[PDB]
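Asker: Please see the structure below; I have some questions.
Please treat every number below as a calculation from the coordinates, not as lab data. Backbone-built Cβ (ideal geometry, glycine too); neighbour counts: all protein chains shown.
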Amino acid sequence: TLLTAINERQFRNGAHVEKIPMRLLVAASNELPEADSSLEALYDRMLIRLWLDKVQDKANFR
Amino acid sequence: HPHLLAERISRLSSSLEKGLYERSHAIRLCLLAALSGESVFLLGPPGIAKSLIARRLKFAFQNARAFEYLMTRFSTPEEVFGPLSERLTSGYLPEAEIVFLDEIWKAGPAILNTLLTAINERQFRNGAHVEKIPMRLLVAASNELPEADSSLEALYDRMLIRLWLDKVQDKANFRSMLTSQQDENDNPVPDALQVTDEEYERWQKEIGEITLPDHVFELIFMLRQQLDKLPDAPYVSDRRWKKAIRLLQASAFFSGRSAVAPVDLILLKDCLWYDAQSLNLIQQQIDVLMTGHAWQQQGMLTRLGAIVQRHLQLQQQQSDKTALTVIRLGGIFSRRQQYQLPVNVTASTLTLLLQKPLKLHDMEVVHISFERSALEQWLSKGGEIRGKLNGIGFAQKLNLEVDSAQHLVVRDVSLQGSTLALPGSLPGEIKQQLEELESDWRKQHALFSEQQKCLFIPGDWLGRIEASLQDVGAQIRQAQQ
C-alpha cells in the first residue's frame, strides 16, 4: 500500500481510489534491509537518504 | 411507413445530445430501452452528471413523471412509494414512468424486495389489491461495486444495459462544457418529435412480432457456447439472453427493418460484463465474432479451401508444362546458395506442386507448402528443412536436396526422385464454383451497405467491420489471377 501512495498519491478504499494531499514523506529506522528481499522496492523509490549521527563537538553540546 | 420511422428517431436523439459532451453513447442506449420497456445502469464518480440524463429523457414524451430519490443506509420503503394512511402514492413510482434511484447499493432489505416485484410483474403490493405500474424507463447510478457474495446481486443480474461512464478526456470538449449557455431544465425537444400515449402502447406489441432469421440464431448459440468453455469468461444467465432479444428487435424496429439484423449484436458489449475485469473480455469476443461469422467472414474461408484443394488437383496433372528453374545468387556466403523466383512470387505461405507423387510419412500428398521465412533459411545457411504436408499438420522433416539441372528433388524412404514445380498464373469447373462463392461476398457486402445508418451503432465499430470484409475479398481475387 505504501508503493501506490508515492508515484500516484492515491490509495484504494474498498472499490475506487482517492487523492492524498501529502506534502512531505519521512521515514527513519536503525538497521539495513537484506540484499534479496521485497523491502527494496520502497527504498529504491525514495530520493533523499539522510545520514544522521550522534553529537561529537563539545562546544555544541553545552 | 417503416422507412420514415428511422428519420424521426434520428432527430429525437439529436435534440437530447445538445447540452452533454462525450455522452452520446449513454443517451442512445437509454432512449431505446425506454421505448421497449427495459432498464439501464450507470457507473461513475460523482461530478460527471449522472442524474441529469434521468431528467432529460422525460421531455421526449408527453405524459411522463420524474422521480429522483437518494437511497441512504437508513431509508424506509414508506418514504419512496408513498406513506400509508391505502398508500398515498400520489406522484412517486407506482404511477410514475421514468424514475431515478441514486446510490442503490446501500438501501435496506425491505426496499430491494419491493423492487424485484415491480420489474417482473410491473405491479406493487399496494395493500390488498394490486395495481399495474406504467414504468417506461428504469435508471440507477452509483459509484462503487457490490460484493461477490451478497443479496445485492439479485437486482444487478436482472438489469440489461451496463453503461461505463467516465470523466472527460478531450481538451476541446472541456472548454465548451464549462462555458455552455444551454439550460438543462428547459424543453429542447420540439413538440413534433414527442410521441403520444397511443403510439407507445402500439409499439410495445409490434416489437415481439419481429421474425428471427436462421442465420442470426447461429451467432447467438455460438457466442453462448464460447463463453462457457472459457473459465475467465463471465457467466450469462438464461434471463439475460431473453431480455437481450427485446433490445435487438427494438433497434431494428426504429431503423427501418422488419427482421433481426446481425449488426445489432454490437450492442451486446454492454449487457454481458459485470466488473472492470470482464469488460475487456466481452468486447474482445464480440469483435472476433462480428469479424468472423457475422457477414460470413470465416464462413467463406472454410469453403474456399475446398476450391483450392480441387484446383491444385488439376494443376498437378499438367505440371510437366510449367517447371521450376532455380537461379543462383551472389550474396555473402561460402556454400552455393539457391535463389528463388523474385517478383513472380511474394506470398509467405506459398505452395509447391510435384509430378510423380510419393508416399511420405506413410501417406499420400499432392502439394507441399513451404514458408517464405523457412525456405530462405534452409537455402542460405543449410542444415535440414521442415515442411508440412497437404497444408495441414506440423512442419515435418523431408529429404530435399539440390538437383544438377537446377531443380528441387524430394527424396523418400525408397530413394525416388520428384521434381517440384510451382502453379502458374483457370479451368471451367473451378471458375463455375468460384463465381458462386464470390457472389456470396457481394450479397453480404450489399446488406452492410444499407443498414450502416443505424444511429444506435457506435462509429468506432464501422472502422473494423469494413476492414474485415476487404480482407476476405482480397484473398478470393488472388486465385482467379
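Residues are listed down the side, and each one gets a yes or a no for (1) surrounded by fewer than 13 Cβ atoms within 10 Å (Cβ to Cβ); (2) closer than 22 Å to B:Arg411 by Cβ; (3) under 36 Å from the mean Cα position of the chain (by Cα):
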{"site": "B:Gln317", "(1), (2), (3)": "yes, no, no"}
{"site": "B:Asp320", "(1), (2), (3)": "yes, yes, no"}
{"site": "B:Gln340", "(1), (2), (3)": "no, yes, no"}
{"site": "B:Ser348", "(1), (2), (3)": "yes, no, yes"}
{"site": "B:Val366", "(1), (2), (3)": "no, yes, no"}
{"site": "B:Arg372", "(1), (2), (3)": "no, no, yes"}
{"site": "B:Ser380", "(1), (2), (3)": "no, yes, no"}
{"site": "B:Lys388", "(1), (2), (3)": "no, yes, yes"}
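Asker: Can you confirm whether B:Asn113 is under 27 Å from B:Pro46 (Cα atoms) and more than 31 Å from the chain's Cα centre (by Cα)?
Answerer: Yes; evaluated as a whole, the condition is true for this residue.
Asker: Given the condition of a type in the set (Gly, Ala, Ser) and in a helix (DSSP H, G or I), answer yes or no: does some residue in region B:159-178 qualify?
Answerer: yes
Asker: Please determine whether any residue of region B:119-129 is part of a loop (DSSP other than H, G, I, E, B) and buried (at least 18 other Cβ atoms within 10 Å of the Cβ). Spell out how you get there, then give the answer.
Answerer: Taking region B:119-129 first, the residues part of a loop (DSSP other than H, G, I, E, B) are B:121-122, B:125-129.
With the extra rule that they be buried (at least 18 other Cβ atoms within 10 Å of the Cβ), the set shrinks to none.
No, region B:119-129 contains no residue that is part of a loop (DSSP other than H, G, I, E, B) and buried (at least 18 other Cβ atoms within 10 Å of the Cβ).
Residues are listed down the side, and each one gets a yes or a no for (1) within 14 Å of chain A (Cβ to nearest Cβ); (2) in contact with a strand residue (DSSP E or B) (Cβ under 9 Å, 6 or more places away or on another chain); (3) not acidic (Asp, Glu):
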residue: B:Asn63; (1), (2), (3): no, no, yes
residue: B:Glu68; (1), (2), (3): no, yes, no
residue: B:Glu78; (1), (2), (3): no, yes, no
residue: B:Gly82; (1), (2), (3): no, no, yes
residue: B:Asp102; (1), (2), (3): no, yes, no
residue: B:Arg125; (1), (2), (3): no, no, yes
residue: B:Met135; (1), (2), (3): no, yes, yes
residue: B:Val139; (1), (2), (3): no, yes, yes
residue: B:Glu147; (1), (2), (3): yes, no, no
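Asker: While we're here: Looking at (1) of a type outside the set (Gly, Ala, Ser); (2) within 23 Å of B:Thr117 (Cα to Cα); (3) touching a helix residue (DSSP H, G or I) at 6+ places or on another chain (Cβ under 6 Å), find the lone condition where B:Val168 falls short.
Answerer: (2)
Asker: Could you say whether any residue in region B:249-262 is among the aromatic types (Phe, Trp, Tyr), closer than 26 Å to B:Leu57 by Cβ and assigned to a loop (DSSP other than H, G, I, E, B)?
Answerer: Yes, region B:249-262 contains at least one residue that is among the aromatic types (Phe, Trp, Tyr), closer than 26 Å to B:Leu57 by Cβ and assigned to a loop (DSSP other than H, G, I, E, B).
Asker: Tally time: how many residues in region B:278-321 are touching a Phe, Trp or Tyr at 6+ places or on another chain (Cβ under 9 Å) and assigned to a helix (DSSP H, G or I)?
Answerer: Qualifying residue count for the region: 7.
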